Every structure is written in C-alpha cells, then in structure tokens.
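K.L.:
My questions all concern the structure below.
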There are 2 protein chains.
Amino acid sequence: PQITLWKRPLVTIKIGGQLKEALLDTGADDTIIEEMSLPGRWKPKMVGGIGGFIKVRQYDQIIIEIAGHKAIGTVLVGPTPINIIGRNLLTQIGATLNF
Amino acid sequence: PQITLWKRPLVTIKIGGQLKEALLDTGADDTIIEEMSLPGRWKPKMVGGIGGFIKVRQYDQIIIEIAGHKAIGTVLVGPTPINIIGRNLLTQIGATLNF
Ligand SMILES: CC(C)CN(CC(O)(O)[C@H](Cc1ccccc1)NC(=O)O[C@H]1CO[C@H]2OCC[C@H]21)S(=O)(=O)c1ccc(N)cc1
C-alpha cells in the first residue's frame, strides 16, 4: 500500500498474540512497544528522544506481523506513549519513503 | 526519489539561508528545528515526545527547502536532539510511505 501523510500512519500489528495499533515511524531507529509481557531474556537499555530518556527492556528476535507482513527483530518494551514501528522492522517489510 | 530505511533518512535542508541536516520523520506530526533565529512573532507550544514534554517557539509561514523542494509552513524551534521534518511539511513535498 501507498500511505499518504495527511494523518498519522497507523497500522494494526500482531505481537505476542495480541493485536495492537502502531505508528509507522521513519524517524525511529528501533521499535518500541508499550508495557507488555514477552517471552525470553531481555536487557535493560535507555532510549532518548524529545523530552529525554526512558528505560526499556530489550527483547531480541521477536516476531511481529505488520499490516499482514511477518518481520523479525529487536523490540523495545517500555513506557512509550504510542507504539512505534521503527526502521529495524520497516526495512524487513520493504518500506520506502518516496517523493 | 525513493528512499530505503537501512540508514537514517537524512536530507539537507536550507532554512534562514543556512544549510542543515534533518531527519524525514513520518512519526512526527510537526517539524522541529534546533535553536536558531527566525523572523516574525512566535507563539508558545508544548510538544510531547517519547521522554516528556518540551516548550518550543512556533513560527508560521517559514520558507524551507527540503532536499531541493520548496515548502512554506509552520516550524517549531526548541531543544530537539536532531532537526526533524514532520508530516506537516512531508505532505507539502508529496512524500508517501510505500510497502
Ligand atoms: C526524536 C526522533 C529522533 C526519534 N523519535 C521518533 C519520532 O518519530 O520523532 C517520535 C515518535 C513519537 C510520536 C508520538 C509520541 C512519542 C513519540 N515523534 C516525535 O517526537 O514527534 C514530536 C514532534 O511532532 C509531534 O508529533 C508526535 C509527537 C511530537 S523517538 O520517539 O524519540 C525514538 C527514539 C529512538 C527509537 N529507537 C525510537 C523512537
């Protein structure tokens, strides 16, 4: 699909058995998901943006379905105000920015 | 152009007669630029990002050239870690997300 940007580019994602809404975000290096339980081992990490830094749990090799498309990668879990799909997973689904 | 996302999508912008680098950011509603002097009156705005809220100055009807494309619109100025081009100006240059 070709997504115009008059509105936030929100899509449905499936992660750890749950269905969620998330933002397709070319400005995000990594994917960040709101507080949830995911299986496996994790490591703590700090992620910085506007307003400062937040502490997140880094999970590796997680499978996510993005708009019907299977992708695997690192997922950061923490107190984010919005679920964000960042470049680590956008590349896997072949997303491009075009103008 | 068609831009892939293996690397940050950085472009050159020209604002206030200066050349600067900025991130094309579909996850940003607004365009936010680091501290610099712009003409005219400004208005106050609060911007909420991943780590908290920041106060910025809002300037309207600012001419900015984005990777060679001329856009005219609202720019926010404040302590952002990186210049960000958000959807308000991405739509002016006709950018879309495709996959
Ligand atoms: C600051 C830039 C370099 C990075 N951000 C991504 C984002 O797309 O720039 C962010 C994604 C985001 C969206 C909404 C809430 C929180 C984060 N939006 C954002 O800060 O936008 C600001 C300006 O415009 C307003 O609209 C959105 C919120 C304001 S970030 O969320 O801090 C971020 C940083 C690191 C990683 N791995 C993932 C995300």
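Ligands are numbered from 1 in the order shown, residues from 1 within each chain, and chains are lettered A, B, ... in the order they appear in the structure tokens.
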Please find the residues contacting ligand 1 at a distance of at most 7 Å between atoms, with only C-alpha atoms and all ligand atoms counted, and report them as number ranges by chain.
P.N.:
A: 25-32, 47-50, 80-82, 84, 86; B: 25-32, 47-50, 80-82, 86
K.L.:
How would the residues just picked look written out with C-alpha atoms as an mmCIF file, in the first residue's frame?
P.N.:
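As written to disk, part-v3.cif reads:
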```
data_model
loop_
_atom_site.group_PDB
_atom_site.id
_atom_site.type_symbol
_atom_site.label_atom_id
_atom_site.label_comp_id
_atom_site.auth_asym_id
_atom_site.auth_seq_id
_atom_site.Cartn_x
_atom_site.Cartn_y
_atom_site.Cartn_z
ATOM 1 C CA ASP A 25 7.892 5.820 12.032
ATOM 2 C CA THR A 26 10.833 6.547 9.757
ATOM 3 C CA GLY A 27 12.409 8.757 12.443
ATOM 4 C CA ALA A 28 12.655 5.849 14.890
ATOM 5 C CA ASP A 29 15.805 3.687 14.736
ATOM 6 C CA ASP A 30 14.199 0.920 16.782
ATOM 7 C CA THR A 31 10.753 -0.450 17.544
ATOM 8 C CA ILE A 32 9.198 0.477 20.871
ATOM 9 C CA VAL A 47 16.284 5.291 24.674
ATOM 10 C CA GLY A 48 16.339 9.029 24.116
ATOM 11 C CA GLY A 49 14.084 11.357 22.195
ATOM 12 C CA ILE A 50 12.368 14.691 22.590
ATOM 13 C CA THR A 80 6.103 4.796 25.497
ATOM 14 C CA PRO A 81 3.009 6.939 24.884
ATOM 15 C CA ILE A 82 2.443 5.270 21.491
ATOM 16 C CA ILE A 84 6.225 2.753 17.268
ATOM 17 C CA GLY A 86 10.950 1.866 13.627
ATOM 18 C CA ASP B 25 10.154 11.620 10.188
ATOM 19 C CA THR B 26 6.750 10.133 9.447
ATOM 20 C CA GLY B 27 6.244 9.669 13.215
ATOM 21 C CA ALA B 28 6.372 13.456 13.826
ATOM 22 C CA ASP B 29 3.207 15.488 13.398
ATOM 23 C CA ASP B 30 5.213 18.728 13.330
ATOM 24 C CA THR B 31 8.600 19.982 12.134
ATOM 25 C CA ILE B 32 11.032 20.818 14.869
ATOM 26 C CA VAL B 47 5.443 19.269 22.342
ATOM 27 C CA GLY B 48 5.171 15.786 23.786
ATOM 28 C CA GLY B 49 7.677 13.192 22.748
ATOM 29 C CA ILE B 50 8.954 9.906 23.959
ATOM 30 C CA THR B 80 15.390 18.712 19.884
ATOM 31 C CA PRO B 81 18.307 16.267 19.598
ATOM 32 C CA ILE B 82 18.030 16.408 15.815
ATOM 33 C CA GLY B 86 7.367 16.050 10.231
#
```
K.L.:
Chain A near chain B within 6 Å: what's each residue's closest atom pair and its distance in Å to one decimal, counting only C-alpha atoms, ordered by chain then ascending residue number, as a Markdown table?
P.N.:
```
| residue | atom | partner | partner_atom | distance |
| --- | --- | --- | --- | --- |
| A:1 | CA | B:99 | CA | 5.6 |
| A:2 | CA | B:98 | CA | 4.4 |
| A:3 | CA | B:97 | CA | 5.0 |
| A:4 | CA | B:96 | CA | 4.9 |
| A:5 | CA | B:87 | CA | 5.9 |
| A:25 | CA | B:27 | CA | 4.4 |
| A:26 | CA | B:25 | CA | 5.1 |
| A:27 | CA | B:25 | CA | 4.3 |
| A:49 | CA | B:50 | CA | 5.6 |
| A:50 | CA | B:49 | CA | 4.9 |
| A:51 | CA | B:52 | CA | 4.2 |
| A:52 | CA | B:51 | CA | 4.4 |
| A:53 | CA | B:51 | CA | 5.2 |
| A:54 | CA | B:51 | CA | 5.9 |
| A:87 | CA | B:5 | CA | 5.9 |
| A:91 | CA | B:5 | CA | 5.7 |
| A:94 | CA | B:99 | CA | 5.6 |
| A:95 | CA | B:99 | CA | 4.5 |
| A:96 | CA | B:4 | CA | 4.7 |
| A:97 | CA | B:97 | CA | 4.9 |
| A:98 | CA | B:2 | CA | 4.4 |
| A:99 | CA | B:95 | CA | 4.4 |
```
K.L.:
How would the residues just chosen look if you wrote them out with C-alpha atoms as a CSV table (one decimal), in the first residue's frame?
P.N.:
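part.csv, freshly written:
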```csv
chain,number,residue,atom,x,y,z
A,1,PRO,CA,0.0,0.0,0.0
A,2,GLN,CA,0.9,3.7,-0.5
A,3,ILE,CA,0.3,5.6,2.7
A,4,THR,CA,-0.2,9.4,2.4
A,5,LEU,CA,0.7,11.5,5.4
A,25,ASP,CA,7.9,5.8,12.0
A,26,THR,CA,10.8,6.5,9.8
A,27,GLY,CA,12.4,8.8,12.4
A,49,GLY,CA,14.1,11.4,22.2
A,50,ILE,CA,12.4,14.7,22.6
A,51,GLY,CA,11.8,15.3,26.2
A,52,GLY,CA,14.5,13.0,27.5
A,53,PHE,CA,15.3,9.3,28.0
A,54,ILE,CA,13.2,6.3,29.1
A,87,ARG,CA,13.5,1.3,10.8
A,91,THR,CA,13.2,-2.4,6.3
A,94,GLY,CA,10.4,-3.3,2.3
A,95,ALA,CA,9.0,0.0,3.3
A,96,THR,CA,10.3,3.1,1.4
A,97,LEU,CA,9.9,6.8,1.6
A,98,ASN,CA,9.0,8.3,-1.8
A,99,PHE,CA,8.7,11.8,-3.1
```
K.L.:
Choose the residue, out of A:43, A:22, A:35, A:16, that has the smallest atom-to-atom separation from residue 66 (chain A); count only C-alpha atoms.
P.N.:
A:22
K.L.:
Any chance you could list, as an NGL selection string, the residues in chain B that come up alpha helix (DSSP H) when DSSP is run on the backbone?
P.N.:
:B and (87-90)
K.L.:
Rank nothing, just name the residue among A:45, A:39, A:57, A:63 nearest to residue 14 (chain A), using only C-alpha atoms.
P.N.:
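Of the candidates, the smallest distance to residue 14 (chain A) is held by A:63.
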K.L.:
Apply DSSP to the structure's backbone, then extract all residues of chain A labelled strand (DSSP E or B) and return them as a ChimeraX atom specification.
P.N.:
/A:2-3,10-15,18-24,31-33,42-49,52-66,69-77,84-85,96-98
